[PDB]
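Asks: The structure file final-v1.cif (mmCIF, N, CA and C atoms) is provided below.
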```cif
data_data
loop_
_atom_site.label_atom_id
_atom_site.label_comp_id
_atom_site.auth_asym_id
_atom_site.auth_seq_id
_atom_site.Cartn_x
_atom_site.Cartn_y
_atom_site.Cartn_z
N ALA X 2 -8.41 6.07 12.89
CA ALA X 2 -8.46 6.56 11.49
C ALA X 2 -8.78 5.40 10.55
N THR X 3 -9.01 5.72 9.28
CA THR X 3 -9.30 4.71 8.28
C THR X 3 -8.12 4.62 7.32
N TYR X 4 -7.64 3.41 7.10
CA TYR X 4 -6.51 3.18 6.21
C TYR X 4 -6.96 2.42 4.97
N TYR X 5 -6.63 2.95 3.79
CA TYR X 5 -7.00 2.31 2.53
C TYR X 5 -5.72 1.68 2.00
N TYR X 6 -5.84 0.59 1.24
CA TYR X 6 -4.62 -0.05 0.75
C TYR X 6 -4.80 -0.89 -0.49
N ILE X 7 -3.70 -1.08 -1.22
CA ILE X 7 -3.71 -1.98 -2.35
C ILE X 7 -2.73 -3.06 -1.89
N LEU X 8 -2.98 -4.30 -2.27
CA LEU X 8 -2.11 -5.40 -1.88
C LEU X 8 -1.69 -6.18 -3.12
N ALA X 9 -0.41 -6.52 -3.22
CA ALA X 9 0.07 -7.29 -4.37
C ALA X 9 1.36 -8.02 -4.02
N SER X 10 1.71 -9.00 -4.85
CA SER X 10 2.93 -9.75 -4.62
C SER X 10 4.12 -8.83 -4.88
N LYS X 11 5.23 -9.08 -4.20
CA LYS X 11 6.41 -8.25 -4.40
C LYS X 11 6.90 -8.49 -5.82
N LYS X 12 6.63 -9.69 -6.33
CA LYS X 12 7.03 -10.04 -7.69
C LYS X 12 6.36 -9.08 -8.68
N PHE X 13 5.05 -8.90 -8.55
CA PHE X 13 4.33 -8.00 -9.44
C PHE X 13 4.81 -6.55 -9.29
N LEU X 14 5.06 -6.14 -8.05
CA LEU X 14 5.51 -4.78 -7.75
C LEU X 14 7.00 -4.53 -8.03
N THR X 15 7.69 -5.51 -8.60
CA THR X 15 9.10 -5.33 -8.92
C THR X 15 9.38 -5.69 -10.39
N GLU X 16 8.64 -6.66 -10.94
CA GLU X 16 8.87 -7.07 -12.33
C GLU X 16 7.87 -6.53 -13.33
N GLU X 17 6.80 -5.91 -12.85
CA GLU X 17 5.78 -5.36 -13.74
C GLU X 17 5.40 -3.91 -13.47
N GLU X 18 5.15 -3.59 -12.20
CA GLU X 18 4.74 -2.24 -11.84
C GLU X 18 5.49 -1.65 -10.65
N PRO X 19 6.78 -1.34 -10.82
CA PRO X 19 7.57 -0.76 -9.73
C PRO X 19 6.97 0.60 -9.36
N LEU X 20 6.81 0.86 -8.06
CA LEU X 20 6.21 2.12 -7.60
C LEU X 20 7.20 3.14 -7.03
N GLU X 21 8.47 2.80 -7.13
CA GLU X 21 9.58 3.60 -6.66
C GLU X 21 9.44 5.09 -6.99
N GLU X 22 9.34 5.39 -8.28
CA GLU X 22 9.23 6.76 -8.75
C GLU X 22 7.88 7.38 -8.39
N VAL X 23 6.82 6.58 -8.36
CA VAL X 23 5.51 7.11 -7.98
C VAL X 23 5.66 7.64 -6.56
N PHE X 24 6.30 6.87 -5.69
CA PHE X 24 6.50 7.31 -4.31
C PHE X 24 7.37 8.57 -4.21
N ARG X 25 8.54 8.55 -4.85
CA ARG X 25 9.45 9.69 -4.79
C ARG X 25 8.87 10.98 -5.39
N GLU X 26 8.14 10.88 -6.50
CA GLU X 26 7.55 12.07 -7.09
C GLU X 26 6.48 12.61 -6.14
N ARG X 27 5.69 11.71 -5.55
CA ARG X 27 4.63 12.15 -4.63
C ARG X 27 5.22 12.75 -3.36
N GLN X 28 6.30 12.15 -2.86
CA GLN X 28 6.96 12.66 -1.66
C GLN X 28 7.52 14.05 -1.94
N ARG X 29 8.13 14.23 -3.11
CA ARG X 29 8.68 15.53 -3.48
C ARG X 29 7.56 16.57 -3.58
N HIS X 30 6.42 16.15 -4.13
CA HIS X 30 5.28 17.04 -4.27
C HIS X 30 4.74 17.46 -2.90
N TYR X 31 4.66 16.52 -1.97
CA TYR X 31 4.17 16.82 -0.62
C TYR X 31 5.13 17.76 0.10
N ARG X 32 6.42 17.54 -0.09
CA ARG X 32 7.42 18.39 0.54
C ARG X 32 7.29 19.82 0.03
N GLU X 33 7.12 19.99 -1.28
CA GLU X 33 6.99 21.33 -1.84
C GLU X 33 5.72 22.02 -1.36
N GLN X 34 4.70 21.24 -1.02
CA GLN X 34 3.44 21.81 -0.55
C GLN X 34 3.38 21.89 0.98
N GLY X 35 4.42 21.38 1.64
CA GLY X 35 4.45 21.40 3.09
C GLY X 35 3.38 20.48 3.65
N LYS X 36 3.02 19.46 2.88
CA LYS X 36 2.00 18.51 3.31
C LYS X 36 2.64 17.28 3.97
N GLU X 37 2.00 16.76 5.01
CA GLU X 37 2.50 15.58 5.72
C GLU X 37 2.29 14.31 4.89
N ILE X 38 3.33 13.50 4.77
CA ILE X 38 3.23 12.25 4.00
C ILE X 38 2.15 11.37 4.62
N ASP X 39 1.19 10.93 3.81
CA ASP X 39 0.12 10.06 4.31
C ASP X 39 -0.04 8.79 3.48
N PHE X 40 1.05 8.37 2.84
CA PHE X 40 1.05 7.15 2.03
C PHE X 40 2.36 6.46 2.37
N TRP X 41 2.32 5.13 2.45
CA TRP X 41 3.50 4.36 2.85
C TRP X 41 3.60 2.97 2.23
N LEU X 42 4.85 2.54 2.00
CA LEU X 42 5.16 1.22 1.45
C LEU X 42 5.29 0.29 2.66
N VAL X 43 4.55 -0.80 2.66
CA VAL X 43 4.61 -1.74 3.78
C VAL X 43 4.79 -3.17 3.27
N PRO X 44 6.04 -3.63 3.19
CA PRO X 44 6.29 -5.00 2.72
C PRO X 44 5.85 -6.00 3.78
N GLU X 45 5.40 -7.17 3.34
CA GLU X 45 4.94 -8.22 4.27
C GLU X 45 4.16 -7.59 5.42
N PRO X 46 3.04 -6.92 5.09
CA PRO X 46 2.16 -6.24 6.06
C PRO X 46 1.61 -7.16 7.15
N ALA X 47 1.75 -6.72 8.40
CA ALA X 47 1.28 -7.50 9.54
C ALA X 47 -0.23 -7.68 9.54
N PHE X 48 -0.97 -6.66 9.10
CA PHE X 48 -2.43 -6.76 9.10
C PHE X 48 -2.96 -7.94 8.29
N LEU X 49 -2.26 -8.29 7.22
CA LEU X 49 -2.69 -9.38 6.36
C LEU X 49 -2.79 -10.73 7.07
N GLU X 50 -2.20 -10.84 8.26
CA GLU X 50 -2.24 -12.09 9.02
C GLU X 50 -3.45 -12.18 9.94
N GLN X 51 -4.16 -11.08 10.11
CA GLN X 51 -5.34 -11.07 10.97
C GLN X 51 -6.49 -11.81 10.29
N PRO X 52 -7.39 -12.40 11.08
CA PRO X 52 -8.54 -13.16 10.58
C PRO X 52 -9.40 -12.46 9.53
N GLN X 53 -9.71 -11.18 9.75
CA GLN X 53 -10.55 -10.45 8.81
C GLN X 53 -9.97 -10.29 7.40
N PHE X 54 -8.71 -10.68 7.22
CA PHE X 54 -8.07 -10.56 5.91
C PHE X 54 -7.71 -11.92 5.33
N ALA X 55 -8.27 -12.98 5.90
CA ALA X 55 -8.00 -14.35 5.46
C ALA X 55 -8.20 -14.61 3.97
N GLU X 56 -9.23 -14.01 3.39
CA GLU X 56 -9.52 -14.22 1.98
C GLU X 56 -8.45 -13.60 1.08
N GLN X 57 -8.09 -12.35 1.37
CA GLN X 57 -7.08 -11.67 0.57
C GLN X 57 -5.71 -12.31 0.74
N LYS X 58 -5.42 -12.82 1.93
CA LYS X 58 -4.13 -13.47 2.15
C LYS X 58 -4.04 -14.71 1.30
N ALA X 59 -5.16 -15.40 1.14
CA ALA X 59 -5.19 -16.62 0.33
C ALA X 59 -5.02 -16.31 -1.15
N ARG X 60 -5.64 -15.23 -1.60
CA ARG X 60 -5.58 -14.84 -3.00
C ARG X 60 -4.27 -14.19 -3.45
N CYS X 61 -3.64 -13.41 -2.57
CA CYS X 61 -2.41 -12.74 -2.94
C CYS X 61 -1.16 -13.61 -2.82
N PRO X 62 -0.40 -13.76 -3.91
CA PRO X 62 0.82 -14.57 -3.89
C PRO X 62 1.84 -13.95 -2.93
N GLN X 63 2.57 -14.80 -2.21
CA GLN X 63 3.56 -14.35 -1.24
C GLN X 63 4.99 -14.55 -1.73
N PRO X 64 5.93 -13.72 -1.25
CA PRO X 64 5.72 -12.63 -0.29
C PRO X 64 4.98 -11.47 -0.94
N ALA X 65 4.22 -10.73 -0.14
CA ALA X 65 3.45 -9.61 -0.67
C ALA X 65 3.83 -8.30 -0.02
N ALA X 66 3.26 -7.22 -0.54
CA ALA X 66 3.51 -5.90 0.00
C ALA X 66 2.25 -5.08 -0.17
N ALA X 67 2.04 -4.13 0.73
CA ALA X 67 0.88 -3.28 0.65
C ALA X 67 1.31 -1.83 0.55
N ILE X 68 0.49 -1.02 -0.11
CA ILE X 68 0.74 0.41 -0.16
C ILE X 68 -0.47 0.90 0.63
N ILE X 69 -0.22 1.54 1.76
CA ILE X 69 -1.29 2.01 2.62
C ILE X 69 -1.33 3.53 2.68
N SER X 70 -2.54 4.09 2.74
CA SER X 70 -2.69 5.54 2.79
C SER X 70 -4.02 5.96 3.40
N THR X 71 -4.04 7.12 4.04
CA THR X 71 -5.28 7.60 4.62
C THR X 71 -6.04 8.40 3.56
N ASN X 72 -5.45 8.53 2.38
CA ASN X 72 -6.07 9.23 1.25
C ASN X 72 -6.65 8.15 0.34
N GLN X 73 -7.97 7.98 0.38
CA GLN X 73 -8.61 6.95 -0.42
C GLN X 73 -8.46 7.11 -1.92
N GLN X 74 -8.48 8.34 -2.42
CA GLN X 74 -8.35 8.55 -3.86
C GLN X 74 -7.00 8.09 -4.40
N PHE X 75 -5.94 8.25 -3.61
CA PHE X 75 -4.62 7.83 -4.05
C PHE X 75 -4.63 6.32 -4.26
N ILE X 76 -5.28 5.61 -3.34
CA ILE X 76 -5.36 4.15 -3.42
C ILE X 76 -6.22 3.75 -4.61
N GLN X 77 -7.32 4.46 -4.83
CA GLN X 77 -8.18 4.15 -5.96
C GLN X 77 -7.41 4.41 -7.25
N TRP X 78 -6.57 5.44 -7.24
CA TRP X 78 -5.77 5.75 -8.42
C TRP X 78 -4.79 4.61 -8.70
N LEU X 79 -4.15 4.09 -7.66
CA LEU X 79 -3.20 2.98 -7.82
C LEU X 79 -3.90 1.75 -8.41
N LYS X 80 -5.12 1.47 -7.95
CA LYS X 80 -5.87 0.33 -8.45
C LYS X 80 -6.17 0.53 -9.95
N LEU X 81 -6.55 1.75 -10.32
CA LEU X 81 -6.83 2.06 -11.73
C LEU X 81 -5.58 1.86 -12.57
N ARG X 82 -4.45 2.35 -12.07
CA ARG X 82 -3.18 2.23 -12.78
C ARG X 82 -2.61 0.81 -12.85
N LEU X 83 -2.58 0.10 -11.72
CA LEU X 83 -2.00 -1.25 -11.67
C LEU X 83 -2.92 -2.40 -12.06
N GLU X 84 -4.20 -2.27 -11.74
CA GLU X 84 -5.23 -3.25 -12.05
C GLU X 84 -5.13 -4.61 -11.34
N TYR X 85 -4.03 -5.32 -11.54
CA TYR X 85 -3.87 -6.65 -10.94
C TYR X 85 -3.40 -6.64 -9.49
N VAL X 86 -4.19 -6.00 -8.64
CA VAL X 86 -3.89 -5.90 -7.22
C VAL X 86 -5.19 -6.00 -6.46
N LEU X 87 -5.10 -6.26 -5.16
CA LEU X 87 -6.28 -6.33 -4.31
C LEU X 87 -6.36 -4.98 -3.63
N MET X 88 -7.56 -4.57 -3.26
CA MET X 88 -7.73 -3.29 -2.59
C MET X 88 -8.64 -3.49 -1.39
N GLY X 89 -8.49 -2.63 -0.38
CA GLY X 89 -9.33 -2.75 0.79
C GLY X 89 -9.10 -1.61 1.77
N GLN X 90 -9.65 -1.75 2.97
CA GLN X 90 -9.50 -0.72 3.99
C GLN X 90 -9.71 -1.30 5.39
N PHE X 91 -9.22 -0.59 6.40
CA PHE X 91 -9.40 -1.03 7.77
C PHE X 91 -9.25 0.15 8.70
N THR X 92 -9.75 0.02 9.92
CA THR X 92 -9.67 1.11 10.90
C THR X 92 -8.60 0.85 11.94
N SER X 93 -8.28 1.90 12.69
CA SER X 93 -7.29 1.82 13.76
C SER X 93 -7.76 0.86 14.84
N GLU X 94 -9.08 0.75 15.01
CA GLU X 94 -9.61 -0.15 16.03
C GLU X 94 -9.55 -1.60 15.58
N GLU X 95 -9.38 -1.82 14.27
CA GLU X 95 -9.30 -3.18 13.73
C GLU X 95 -7.85 -3.69 13.67
N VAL X 96 -6.90 -2.77 13.52
CA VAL X 96 -5.49 -3.12 13.43
C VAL X 96 -4.70 -2.17 14.33
N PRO X 97 -4.11 -2.69 15.42
CA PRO X 97 -3.33 -1.90 16.39
C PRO X 97 -2.15 -1.09 15.84
N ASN X 98 -1.36 -1.71 14.97
CA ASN X 98 -0.22 -1.05 14.35
C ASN X 98 -0.44 -1.17 12.85
N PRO X 99 -1.23 -0.25 12.27
CA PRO X 99 -1.57 -0.20 10.85
C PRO X 99 -0.43 -0.41 9.86
N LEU X 100 0.71 0.23 10.11
CA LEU X 100 1.85 0.14 9.20
C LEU X 100 2.91 -0.90 9.55
N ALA X 101 2.61 -1.76 10.52
CA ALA X 101 3.58 -2.78 10.91
C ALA X 101 3.96 -3.67 9.73
N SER X 102 5.26 -3.92 9.60
CA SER X 102 5.80 -4.77 8.55
C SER X 102 6.50 -5.96 9.21
N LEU X 103 6.33 -7.15 8.64
CA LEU X 103 6.99 -8.34 9.20
C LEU X 103 8.26 -8.69 8.44
N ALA X 104 8.74 -7.74 7.64
CA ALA X 104 9.95 -7.95 6.86
C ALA X 104 11.12 -8.19 7.81
N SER X 105 12.04 -9.06 7.40
CA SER X 105 13.19 -9.41 8.24
C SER X 105 14.54 -9.05 7.63
N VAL X 106 14.55 -8.53 6.41
CA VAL X 106 15.80 -8.16 5.77
C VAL X 106 15.69 -6.79 5.12
N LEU X 107 16.79 -6.05 5.12
CA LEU X 107 16.81 -4.71 4.54
C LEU X 107 17.25 -4.69 3.08
N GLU X 108 16.59 -3.85 2.30
CA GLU X 108 16.90 -3.68 0.89
C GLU X 108 18.26 -3.00 0.76
#
```
Using structure tokens, write down the structure that the file contains.
Replies:
Amino acid sequence: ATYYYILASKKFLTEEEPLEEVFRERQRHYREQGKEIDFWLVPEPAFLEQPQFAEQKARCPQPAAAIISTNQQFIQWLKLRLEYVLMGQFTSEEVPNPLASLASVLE
């Protein structure tokens, strides 16, 4: 499959543009429609360490987090709303575990 994503520092996603409610409202909407959740919060994304993402890893302040989704419009919407984030995409053949997180502590 193809995964679209926005990437930003956790600092930006906590002190300027928290996505907490965006996620919960969308999850509630999907539940009411009986739709399968296809968007996910991925802190310290494993994919960002792969060679093909070297440029974005250099540009994005760490620690970072990605919002990944198979719905491209949702990701484009996030970019329009947040602005100061990186955006991109990758396939299942390019990243073995698309949603893998390297986070080591629980919120």
Asks: In Å, rounded to a single decimal, give me how far atom C of residue 52 in chain X is from CA of residue 83 in chain X.
Replies: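 It comes out at 25.1 Å.
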Asks: As a check of understanding, name the residues that the PyMOL selection byres (((chain X and resi 40-49 and name CA) around 6) and name CA) selects in the supplied structure, as JSON, numbers by chain.
Replies: {"X": [38, 39, 50, 51, 54, 65, 66, 67, 68, 69, 70, 101, 102, 103, 104]}
Asks: Could you state the separation of atom C of residue 22 in chain X and CA of residue 82 in chain X in Å, given to one decimal place?
Replies: 13.0 Å
Asks: Any idea what's packed within 8 Å of residue 88 in chain X, counting all atoms listed in the file, ignoring anything in its chain fewer than 4 positions away? Could you give it as a ChimeraX atom specification?
Replies: /X:5-9,76,80
Asks: Between atom N of residue 91 in chain X and atom N of residue 16 in chain X, what is the distance in Å, rounded to a tenth?
Replies: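 Between atom N of residue 91 in chain X and atom N of residue 16 in chain X the gap is 25.6 Å.
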Asks: Taking the backbone alone, and naming residues the way the document does, which bits of chain X are alpha helix (DSSP H) by DSSP, as a PyMOL selection string?
Replies: chain X and resi 13-16+21-34+55-60+73-83
Asks: What parts of range 12-105 of chain X does DSSP call strand (DSSP E)? I'd like the answer as a compact mmCIF listing (two decimals) with N, CA and C atoms, in the frame of the given file.
Replies:
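To be explicit, this is the file written out as out.txt:
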```txt
# COMPACT_ATOMS: atom_id res chain seq x y z
N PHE X 40 1.05 8.37 2.84
CA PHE X 40 1.05 7.15 2.03
C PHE X 40 2.36 6.46 2.37
N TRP X 41 2.32 5.13 2.45
CA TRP X 41 3.50 4.36 2.85
C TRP X 41 3.60 2.97 2.23
N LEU X 42 4.85 2.54 2.00
CA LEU X 42 5.16 1.22 1.45
C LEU X 42 5.29 0.29 2.66
N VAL X 43 4.55 -0.80 2.66
CA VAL X 43 4.61 -1.74 3.78
C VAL X 43 4.79 -3.17 3.27
N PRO X 44 6.04 -3.63 3.19
CA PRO X 44 6.29 -5.00 2.72
C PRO X 44 5.85 -6.00 3.78
N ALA X 65 4.22 -10.73 -0.14
CA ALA X 65 3.45 -9.61 -0.67
C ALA X 65 3.83 -8.30 -0.02
N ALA X 66 3.26 -7.22 -0.54
CA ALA X 66 3.51 -5.90 0.00
C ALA X 66 2.25 -5.08 -0.17
N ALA X 67 2.04 -4.13 0.73
CA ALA X 67 0.88 -3.28 0.65
C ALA X 67 1.31 -1.83 0.55
N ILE X 68 0.49 -1.02 -0.11
CA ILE X 68 0.74 0.41 -0.16
C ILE X 68 -0.47 0.90 0.63
N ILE X 69 -0.22 1.54 1.76
CA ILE X 69 -1.29 2.01 2.62
C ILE X 69 -1.33 3.53 2.68
N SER X 70 -2.54 4.09 2.74
CA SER X 70 -2.69 5.54 2.79
C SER X 70 -4.02 5.96 3.40
N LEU X 87 -5.10 -6.26 -5.16
CA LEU X 87 -6.28 -6.33 -4.31
C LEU X 87 -6.36 -4.98 -3.63
N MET X 88 -7.56 -4.57 -3.26
CA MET X 88 -7.73 -3.29 -2.59
C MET X 88 -8.64 -3.49 -1.39
N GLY X 89 -8.49 -2.63 -0.38
CA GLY X 89 -9.33 -2.75 0.79
C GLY X 89 -9.10 -1.61 1.77
N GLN X 90 -9.65 -1.75 2.97
CA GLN X 90 -9.50 -0.72 3.99
C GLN X 90 -9.71 -1.30 5.39
N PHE X 91 -9.22 -0.59 6.40
CA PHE X 91 -9.40 -1.03 7.77
C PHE X 91 -9.25 0.15 8.70
N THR X 92 -9.75 0.02 9.92
CA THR X 92 -9.67 1.11 10.90
C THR X 92 -8.60 0.85 11.94
```
Asks: Could you list the residues chosen by the PyMOL selection byres (((chain X and resi 12 and name CA) around 9) and name CA) in this structure as an mmCIF file with N, CA and C atoms, keeping the file's coordinate frame?
Replies:
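Full text of part_6.cif as output:
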```cif
data_model
loop_
_atom_site.group_PDB
_atom_site.id
_atom_site.type_symbol
_atom_site.label_atom_id
_atom_site.label_comp_id
_atom_site.auth_asym_id
_atom_site.auth_seq_id
_atom_site.Cartn_x
_atom_site.Cartn_y
_atom_site.Cartn_z
ATOM 1 N N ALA X 9 -0.410 -6.520 -3.220
ATOM 2 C CA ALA X 9 0.070 -7.290 -4.370
ATOM 3 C C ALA X 9 1.360 -8.020 -4.020
ATOM 4 N N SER X 10 1.710 -9.000 -4.850
ATOM 5 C CA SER X 10 2.930 -9.750 -4.620
ATOM 6 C C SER X 10 4.120 -8.830 -4.880
ATOM 7 N N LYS X 11 5.230 -9.080 -4.200
ATOM 8 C CA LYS X 11 6.410 -8.250 -4.400
ATOM 9 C C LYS X 11 6.900 -8.490 -5.820
ATOM 10 N N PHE X 13 5.050 -8.900 -8.550
ATOM 11 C CA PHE X 13 4.330 -8.000 -9.440
ATOM 12 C C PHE X 13 4.810 -6.550 -9.290
ATOM 13 N N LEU X 14 5.060 -6.140 -8.050
ATOM 14 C CA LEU X 14 5.510 -4.780 -7.750
ATOM 15 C C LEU X 14 7.000 -4.530 -8.030
ATOM 16 N N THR X 15 7.690 -5.510 -8.600
ATOM 17 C CA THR X 15 9.100 -5.330 -8.920
ATOM 18 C C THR X 15 9.380 -5.690 -10.390
ATOM 19 N N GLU X 16 8.640 -6.660 -10.940
ATOM 20 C CA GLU X 16 8.870 -7.070 -12.330
ATOM 21 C C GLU X 16 7.870 -6.530 -13.330
ATOM 22 N N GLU X 17 6.800 -5.910 -12.850
ATOM 23 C CA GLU X 17 5.780 -5.360 -13.740
ATOM 24 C C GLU X 17 5.400 -3.910 -13.470
ATOM 25 N N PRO X 62 -0.400 -13.760 -3.910
ATOM 26 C CA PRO X 62 0.820 -14.570 -3.890
ATOM 27 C C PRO X 62 1.840 -13.950 -2.930
ATOM 28 N N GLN X 63 2.570 -14.800 -2.210
ATOM 29 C CA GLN X 63 3.560 -14.350 -1.240
ATOM 30 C C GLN X 63 4.990 -14.550 -1.730
ATOM 31 N N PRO X 64 5.930 -13.720 -1.250
ATOM 32 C CA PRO X 64 5.720 -12.630 -0.290
ATOM 33 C C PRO X 64 4.980 -11.470 -0.940
ATOM 34 N N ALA X 65 4.220 -10.730 -0.140
ATOM 35 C CA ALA X 65 3.450 -9.610 -0.670
ATOM 36 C C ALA X 65 3.830 -8.300 -0.020
#
```
Asks: Given the file shown, enumerate the residues that the PyMOL selection byres (((chain X and resi 93-97 and name CA) around 7) and name CA) captures and present them as a PDB file with N, CA and C atoms, in the frame of the given file.
Replies:
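Saved the output as part-v8.pdb:
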```
ATOM      1  N   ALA X   2      -8.410   6.070  12.890  1.00  0.00           N
ATOM      2  CA  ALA X   2      -8.460   6.560  11.490  1.00  0.00           C
ATOM      3  C   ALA X   2      -8.780   5.400  10.550  1.00  0.00           C
ATOM      4  N   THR X   3      -9.010   5.720   9.280  1.00  0.00           N
ATOM      5  CA  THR X   3      -9.300   4.710   8.280  1.00  0.00           C
ATOM      6  C   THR X   3      -8.120   4.620   7.320  1.00  0.00           C
ATOM      7  N   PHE X  48      -0.970  -6.660   9.100  1.00  0.00           N
ATOM      8  CA  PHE X  48      -2.430  -6.760   9.100  1.00  0.00           C
ATOM      9  C   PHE X  48      -2.960  -7.940   8.290  1.00  0.00           C
ATOM     10  N   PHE X  91      -9.220  -0.590   6.400  1.00  0.00           N
ATOM     11  CA  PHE X  91      -9.400  -1.030   7.770  1.00  0.00           C
ATOM     12  C   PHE X  91      -9.250   0.150   8.700  1.00  0.00           C
ATOM     13  N   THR X  92      -9.750   0.020   9.920  1.00  0.00           N
ATOM     14  CA  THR X  92      -9.670   1.110  10.900  1.00  0.00           C
ATOM     15  C   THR X  92      -8.600   0.850  11.940  1.00  0.00           C
ATOM     16  N   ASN X  98      -1.360  -1.710  14.970  1.00  0.00           N
ATOM     17  CA  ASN X  98      -0.220  -1.050  14.350  1.00  0.00           C
ATOM     18  C   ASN X  98      -0.440  -1.170  12.850  1.00  0.00           C
ATOM     19  N   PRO X  99      -1.230  -0.250  12.270  1.00  0.00           N
ATOM     20  CA  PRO X  99      -1.570  -0.200  10.850  1.00  0.00           C
ATOM     21  C   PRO X  99      -0.430  -0.410   9.860  1.00  0.00           C
TER      22      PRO X  99
END
```
Asks: Work out where the centre of an axis-aligned box around every listed atom of range 8-15 of chain X lies and how long its edges are once 4 Å is added on each side; give both in Å to one decimal as AutoDock Vina command-line options.
Replies:
```
--center_x 3.2 --center_y -7.2 --center_z -6.1 --size_x 20.4 --size_y 13.7 --size_z 16.5
```
Asks: Show me that you can extract range 2-57 of chain X, keeping C-alpha atoms, and write it as a PDB file, in the first residue's frame.
Replies:
```
ATOM      1  CA  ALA X   2       0.000   0.000   0.000  1.00  0.00           C
ATOM      2  CA  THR X   3       0.968   3.666  -0.158  1.00  0.00           C
ATOM      3  CA  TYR X   4       1.393   5.639   3.060  1.00  0.00           C
ATOM      4  CA  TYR X   5       1.249   9.441   3.113  1.00  0.00           C
ATOM      5  CA  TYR X   6       2.610  11.411   6.050  1.00  0.00           C
ATOM      6  CA  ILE X   7       3.416  14.748   7.608  1.00  0.00           C
ATOM      7  CA  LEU X   8       6.540  14.961   9.766  1.00  0.00           C
ATOM      8  CA  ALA X   9       7.284  17.514  12.496  1.00  0.00           C
ATOM      9  CA  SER X  10       9.109  17.982  15.783  1.00  0.00           C
ATOM     10  CA  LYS X  11       7.223  16.867  18.878  1.00  0.00           C
ATOM     11  CA  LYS X  12       7.882  20.387  20.138  1.00  0.00           C
ATOM     12  CA  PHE X  13       5.862  21.915  17.290  1.00  0.00           C
ATOM     13  CA  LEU X  14       3.121  19.279  17.682  1.00  0.00           C
ATOM     14  CA  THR X  15       2.759  20.017  21.406  1.00  0.00           C
ATOM     15  CA  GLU X  16       3.471  23.754  21.839  1.00  0.00           C
ATOM     16  CA  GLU X  17       1.913  25.105  18.646  1.00  0.00           C
ATOM     17  CA  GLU X  18      -0.335  22.623  16.850  1.00  0.00           C
ATOM     18  CA  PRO X  19      -1.567  19.803  19.129  1.00  0.00           C
ATOM     19  CA  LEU X  20      -3.476  17.214  17.054  1.00  0.00           C
ATOM     20  CA  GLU X  21      -5.127  15.432  19.978  1.00  0.00           C
ATOM     21  CA  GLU X  22      -8.654  16.648  19.247  1.00  0.00           C
ATOM     22  CA  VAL X  23      -8.197  16.370  15.478  1.00  0.00           C
ATOM     23  CA  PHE X  24      -7.494  12.668  16.046  1.00  0.00           C
ATOM     24  CA  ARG X  25     -10.330  12.071  18.522  1.00  0.00           C
ATOM     25  CA  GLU X  26     -12.954  13.906  16.446  1.00  0.00           C
ATOM     26  CA  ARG X  27     -11.877  11.972  13.344  1.00  0.00           C
ATOM     27  CA  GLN X  28     -11.874   8.667  15.222  1.00  0.00           C
ATOM     28  CA  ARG X  29     -15.372   9.384  16.553  1.00  0.00           C
ATOM     29  CA  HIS X  30     -16.505  10.248  13.025  1.00  0.00           C
ATOM     30  CA  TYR X  31     -15.085   6.983  11.615  1.00  0.00           C
ATOM     31  CA  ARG X  32     -16.739   4.991  14.385  1.00  0.00           C
ATOM     32  CA  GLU X  33     -20.136   6.543  13.654  1.00  0.00           C
ATOM     33  CA  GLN X  34     -19.675   5.711   9.967  1.00  0.00           C
ATOM     34  CA  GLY X  35     -18.402   2.200  10.666  1.00  0.00           C
ATOM     35  CA  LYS X  36     -15.232   3.111   8.797  1.00  0.00           C
ATOM     36  CA  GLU X  37     -11.854   1.512   9.593  1.00  0.00           C
ATOM     37  CA  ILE X  38      -9.303   3.919  11.096  1.00  0.00           C
ATOM     38  CA  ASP X  39      -6.666   4.657   8.444  1.00  0.00           C
ATOM     39  CA  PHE X  40      -4.705   7.463  10.115  1.00  0.00           C
ATOM     40  CA  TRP X  41      -2.201   7.061  12.951  1.00  0.00           C
ATOM     41  CA  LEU X  42       0.112   8.974  15.306  1.00  0.00           C
ATOM     42  CA  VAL X  43       3.662   7.621  15.090  1.00  0.00           C
ATOM     43  CA  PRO X  44       6.191   9.243  17.449  1.00  0.00           C
ATOM     44  CA  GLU X  45       9.882   8.811  16.583  1.00  0.00           C
ATOM     45  CA  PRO X  46       8.950   6.990  13.314  1.00  0.00           C
ATOM     46  CA  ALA X  47      11.261   4.131  12.347  1.00  0.00           C
ATOM     47  CA  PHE X  48      11.004   4.899   8.629  1.00  0.00           C
ATOM     48  CA  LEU X  49      12.743   8.243   9.133  1.00  0.00           C
ATOM     49  CA  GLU X  50      15.993   6.354   9.820  1.00  0.00           C
ATOM     50  CA  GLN X  51      16.061   4.680   6.404  1.00  0.00           C
ATOM     51  CA  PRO X  52      18.411   6.075   3.707  1.00  0.00           C
ATOM     52  CA  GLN X  53      15.647   7.343   1.410  1.00  0.00           C
ATOM     53  CA  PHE X  54      14.550   9.768   4.140  1.00  0.00           C
ATOM     54  CA  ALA X  55      17.996  11.185   4.957  1.00  0.00           C
ATOM     55  CA  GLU X  56      17.117  14.698   3.797  1.00  0.00           C
ATOM     56  CA  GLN X  57      13.929  15.007   5.844  1.00  0.00           C
TER      57      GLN X  57
END
```
